[PDB]
């Protein structure tokens, strides 16, 4: 029953903010040492606990994409400990967590341009039929919402090829390190996103 109280506390934390991200991005720029998978997994489990639907884990060297099983194992381990039937837990993390690397950005826009130009060559589409929305539908994002918040960890003041197309309105909050990250630190970034004002050009 102790874990039920924590589940309530985390959900009450997310519900208390003026707004919560539907899709959170985690950009790790630290290249001194290999990233701390248990620290990353904790950020991901907190996102799920406070009510964030989707989490994208990103590093520009592709370390997370080449260590996908290690990361999920660490996420599943900490998610079980917080949430006190492994297949459903595994399926839930696979539906919520996406591990990204640079190829998911510009190289995927190029893949979509190829798919559309292939339709033109088959007389199935016209170049004028590619507006902003049709291209958005062609991307590997499909129906998933664009990230509304990115937590950038590390000393690099850059996005380093993170979903270029999808971060047109993403709020970019920067923290100095993901190593030994505290929940208070993570929630303070959520408070910052909650306090931001989005005017959409008006």
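Residue numbers count along the first chain shown, from 1.
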Query raised in the report: None, 1 to 3, 4 to 9, or 10 or more: how many residues of the deposited sequence lack coordinates between residue 127 and residue 128?
Result: none
Requested in this report: Compare the mean C-alpha B-factor of 127 to 135 with that of 98 to 106 as given in the PDB entry, and name the stretch with the higher value.
Outcome: 127 to 135
Requested in this report: Using only the Cα atoms and their B-factors as the entry lists them, report which of 136 to 144 and 172 to 180 averages higher.
Outcome: 136 to 144
Query raised in the report: Among the chain's modelled residues, which third holds the C-alpha B-factor of residue 33?
Result: highest
Query raised in the report: Compared with the other modelled residues in the chain, in which third is the CA B-factor of residue 200?
Result: lowest
